[PDB]
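Residue numbers (the deposited numbering), protein chains in the order written: chain C, 362 to 421; chain X, 366 to 417; chain E, 106 to 313; chain G, 62 to 121.
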Amino acid sequence: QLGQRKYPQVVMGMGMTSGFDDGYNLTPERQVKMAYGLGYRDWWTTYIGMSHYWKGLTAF
Amino acid sequence: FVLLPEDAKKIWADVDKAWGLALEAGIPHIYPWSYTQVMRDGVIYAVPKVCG
Amino acid sequence: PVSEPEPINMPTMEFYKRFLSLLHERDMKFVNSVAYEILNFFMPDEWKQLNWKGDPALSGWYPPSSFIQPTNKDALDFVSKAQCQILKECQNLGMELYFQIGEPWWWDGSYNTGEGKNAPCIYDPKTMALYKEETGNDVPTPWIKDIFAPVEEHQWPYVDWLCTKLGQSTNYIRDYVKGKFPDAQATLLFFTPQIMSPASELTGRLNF
Amino acid sequence: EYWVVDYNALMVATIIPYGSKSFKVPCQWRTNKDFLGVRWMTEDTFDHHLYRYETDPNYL
């Protein structure tokens, strides 16, 4: 077991905006719970990735 | 918008001032732009000290 | 890429399936947004906006990324079909639909863009054919080399046509999404400093 | 819930947990040089300062 800090914060009545290109590596479970704990409760806006959502392939 | 970490305490200082104008303006929904920049800089909402 | 119904790959869809599930537990609504910017390496060559020297529009990010021409109906369908795929998951979870049009913009090289330092990417050959077909007027010459340079008087009729055509593209995507999602809510992101203080007279008149 | 992933920019991969001690990593392969790396970080460099965990390089 490893020690960890977990201090919930009072809600300031604001939403959170995030980008997919900056959150693909992190699991969705860790991102949502962390942001929710800080106090962002009502709204969420996610900008789709620029080069990580569409299908594609490489060829000669 | 902050981007560079070196300008965090500088840009975020003006961020709070803009928030007060938005609260004065009565904007119903206000969000920070980047989740990544919020966690990278570690911004919090605390009451300013009454010391001065 | 034209007949493909779902333009979004499986791993991205899986991430949002779990991501939207957590949001519903927290009872916070979700807003989606897709832009016109796709990776230049994978972008089709017939969708990139071309400047007066044929160089496709590029971004400051590395790897460079290009933008689609709003006059291309096929390009608009690809972007619009991305919105419905994501919004379909929201209806499955019982959420309400919210989508955003991401940065409708005729590229102009506002910042450094390599060789196209300030060259507008508004001279696509397909766009010229469409302009001639419906307006009848000839494309003004010479082509704009720099946005900051003063604009000749005969250049305006083509500029106004481009500005109007951009509005149709935004309207077309909105109608397409609401065609299958009647209760969906539409929105748009506005850049206030650009509206009030455009980089040049051509920039404000064309991209607004 | 704390594992992270990293890979070449020419492929797409995400990490999603599905159990108490299990997780899945869907991915798409496009090039021969694709290299997906699922890694566990000794130190925390993504979470908030109030949500970081203790760092310990001793795994004996």
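Ideal Cβ placement from N, Cα and C applies to all residues, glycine included.
Check the Cβ-Cβ distances between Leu144 (chain E) and every residue of chain C, and say whether any is below 7 Å. Walking along the third sequence from the start, residue 144 (chain E) turns up at place 39. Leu144 (chain E) counts as touching chain C.
Taking 7 Å as the threshold (beta carbon to beta carbon), is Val73 (chain G) in contact with chain E? In the fourth sequence, counting from the first residue as 1, residue 73 (chain G) sits at position 12. So yes, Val73 (chain G) belongs to the interface.
I'd like to know if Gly391 (chain X) contacts chain B, where contact means its C-beta is closer than 7 Å to some C-beta of that chain. In the structure shown, chain B does not exist; the protein chains are C, X, E and G.
For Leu125 (chain E) versus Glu194 (chain E), is the C-beta distance shorter than 7 Å? Along the third sequence, one-based indexing puts residue 125 (chain E) at 20. Along the third sequence, one-based indexing puts residue 194 (chain E) at 89. Yes.
Which partner residues of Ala291 (chain E) appear in the DSSP bridge assignment? Numbered from 1 along the third sequence, position 186 holds the residue referred to as residue 291 (chain E). DSSP output for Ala291 (chain E) lists E:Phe204 as bridge partner(s).
What's the gap between the Cα of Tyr63 (chain G) and the Cα of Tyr410 (chain X)? The count along the fourth sequence starts at 1 and reaches residue 63 (chain G) at position 2. The count along the second sequence starts at 1 and reaches residue 410 (chain X) at position 45. Taking the straight line joining both Cα atoms gives about 26 Å.
Pull up the CB-CB distance for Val73 (chain G) and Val86 (chain G), whole angstroms please, since I reckon it's below 8 Å. For the purposes of this step, residue 73 (chain G) is identified with residue 12 of the fourth sequence, where counting begins at 1. For the purposes of this step, residue 86 (chain G) is identified with residue 25 of the fourth sequence, where counting begins at 1. So it is not a contact: roughly 11 Å between Cβ atoms.
Simplified DSSP state of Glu258 (chain E), which is helix, strand or coil: In the third sequence, residue 258 (chain E) corresponds to position 153, counting from 1. Reduced to three states, the DSSP call for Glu258 (chain E) is helix.
Verify whether the separation of the beta carbon atoms of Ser215 (chain E) and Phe253 (chain E) is less than 7 Å. Looking up residue 215 (chain E) in the third sequence gives position 110. Looking up residue 253 (chain E) in the third sequence gives position 148. If you check the CB distance, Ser215 (chain E) and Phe253 (chain E) do not come in under 7 Å.
Taking 7 Å as the cut-off, decide whether the C-beta atoms of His259 (chain E) and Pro245 (chain E) are in contact. Position 154 of the third sequence holds residue 259 (chain E). Position 140 of the third sequence holds residue 245 (chain E). In contact: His259 (chain E) and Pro245 (chain E) (Cβ atoms closer than 7 Å).
Following the continuous beta strand (DSSP E) through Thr297 (chain E), name the residue where it begins and the one where it ends. Mapped onto the third sequence, residue 297 (chain E) falls at position 192. Taken as a continuous stretch (DSSP letters only), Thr297 (chain E) belongs to no beta strand (DSSP E), being part of the alpha helix (DSSP H) at 297-301.
Answer with yes or no whether the minimum CB distance from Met377 (chain C) to chain X is below 7 Å. Translated into the one-based positions of the first sequence, residue 377 (chain C) becomes position 16. With 7 Å as the cut-off, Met377 (chain C) counts as an interface residue toward chain X.
Can you check which of these residues, C:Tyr397, C:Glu390, C:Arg402, C:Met395, is closest to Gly80 (chain G) by C-alpha distance? Residue mapping note: residue 80 (chain G) aligns to position 19 of the fourth sequence, counting from 1. Residue C:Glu390 is the option with its Cα nearest to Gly80 (chain G).
Under 8 Å (Cβ pairs) to chain G, residues found in the stretch 113-141 of chain E: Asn114, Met115, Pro116, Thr117, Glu119, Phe120, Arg123
In the stretch 399-417 of chain C, which residues sit with their C-beta less than 9 Å from some C-beta in chain E, listed in chain order? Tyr401, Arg402, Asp403, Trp404, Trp405, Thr406, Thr407, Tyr408, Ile409, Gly410, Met411, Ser412, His413, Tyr414, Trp415, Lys416, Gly417
To the nearest angstrom, how far is it from the Cα of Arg123 (chain E) to the Cα of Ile77 (chain G)? Locating residue 123 (chain E) in the third sequence gives position 18, counting from the first residue. Locating residue 77 (chain G) in the fourth sequence gives position 16, counting from the first residue. Their backbone Cα atoms lie some 8 Å apart in a straight line.
Could you tell me which of C:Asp382, C:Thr388, C:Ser379 sits nearest to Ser83 (chain G), measuring between CA atoms? Position 22 of the fourth sequence holds residue 83 (chain G). Answer by Cα proximity: C:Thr388.
Are the C-beta atoms of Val86 (chain G) and some chain C residue less than 7 Å apart? As a position in the fourth sequence, residue 86 (chain G) is number 25, starting the count at 1. With 7 Å as the cut-off, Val86 (chain G) does not count as an interface residue toward chain C.
Can you have a look at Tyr167 (chain E) and say buried or exposed, based on whether 16 or more other CB atoms are within 10 angstroms of its CB? The residue labelled residue 167 (chain E) in the question sits at position 62 within the third sequence. The residue is exposed, with fewer than 16 neighbouring Cβ atoms inside 10 Å.
Check the Cβ of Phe204 (chain E) against every Cβ in chain C and list those closer than 7 Å, keeping chain order. Start at 1 with the first residue of the third sequence, and residue 204 (chain E) comes out as number 99. Against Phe204 (chain E), chain C offers no close residue; the least beta-carbon distance is about 10 Å (beta-carbon pairs closer than 7 Å).
Can you confirm whether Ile395 (chain X), when its beta carbon is compared against all beta carbons of chain C, has any partner nearer than 7 Å? Against the second sequence, residue 395 (chain X) aligns to sequence position 30. Interface residue, yes.
By DSSP's criteria, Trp157 (chain E) is part of a beta bridge. Which residues make up the other side? Within the third sequence, the letter at position 52 stands for residue 157 (chain E). Its beta-bridge partners do not exist; DSSP assigns none.
For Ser170 (chain E), go through chain C and note every residue whose CB falls closer than 8 Å to its CB, in chain order. For the purposes of this step, residue 170 (chain E) is identified with residue 65 of the third sequence, where counting begins at 1. Those within 8 Å of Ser170 (chain E) in chain C are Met411, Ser412.
So with CB distances below 9 Å, who are the chain C contacts of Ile376 (chain X)? Taking the second sequence and counting its residues from 1, the one referred to as residue 376 (chain X) is at position 11. Correct list: empty, because the minimum Cβ distance to chain C is about 16 Å.
Going by C-alpha distance, which of E:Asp150, E:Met148, E:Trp152, E:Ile143 is nearest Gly410 (chain C)? Against the first sequence, residue 410 (chain C) aligns to sequence position 49. Selected option, being the one with the closest Cα: E:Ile143.
Can you pull the chain E neighbours of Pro369 (chain C), defined as C-beta to C-beta under 9 Å? Along the first sequence, one-based indexing puts residue 369 (chain C) at 8. What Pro369 (chain C) touches in chain E: nothing, since even the nearest Cβ is about 14 Å away.
Burial state of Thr269 (chain E), where buried means 16 or more other Cβ atoms lie within 10 Å: Position 164 of the third sequence, counted from the start, is the residue given in the question as residue 269 (chain E). Under this definition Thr269 (chain E) is an exposed residue.
Helix, strand or coil: which one does DSSP assign to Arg279 (chain E)? In the third sequence, the residue the question calls residue 279 (chain E) occupies position 174. In the structure shown, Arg279 (chain E) adopts helical secondary structure according to DSSP, grouped into three states.
Checking 7 Å against the spacing of the C-beta atoms, do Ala387 (chain X) and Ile376 (chain X) come in under that value? Here the question's residue 387 (chain X) lines up with position 22 in the second sequence. Here the question's residue 376 (chain X) lines up with position 11 in the second sequence. No, they are not a contact pair.
Burial state of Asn276 (chain E) (16 or more Cβ within 10 Å): Here residue 276 (chain E) is taken as the residue at index 171 of the third sequence, counted from 1. Classification of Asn276 (chain E): exposed, given that the 10 Å Cβ count is below 16.
Closer than 7 Å, CB to CB, is residue 356 (chain C) near chain G or not? Since the first and last residues shown for chain C are 362 and 421, residue 356 (chain C) lies out of range.
So which of G:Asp108, G:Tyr120, G:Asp117 has the shortest CA-CA distance to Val403 (chain X)? Here the question's residue 403 (chain X) lines up with position 38 in the second sequence. Closest option to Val403 (chain X), Cα to Cα, is G:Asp108.
Assigned secondary structure, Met233 (chain E) (DSSP; H/G/I helix, E/B strand, else coil): What you label residue 233 (chain E) is simply residue 128 of the third sequence in a count that begins at 1. In this structure, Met233 (chain E) counts as helix in the three-state DSSP scheme.
Chain G within 7 Å of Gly374 (chain C), Cβ atoms only: Counting from 1 along the first sequence, the entry for residue 374 (chain C) is found at position 13. No, its Cβ sits nowhere closer than 7 Å to a Cβ of chain G.
Just to confirm before moving on: does the CB-CB distance between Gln188 (chain E) and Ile113 (chain E) stay below 7 Å? Taking the first residue of the third sequence as 1, we reach residue 188 (chain E) at position 83. Taking the first residue of the third sequence as 1, we reach residue 113 (chain E) at position 8. Against a cut-off of 7 Å, the Cβ pair of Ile113 (chain E) and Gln188 (chain E) comes out as no contact.
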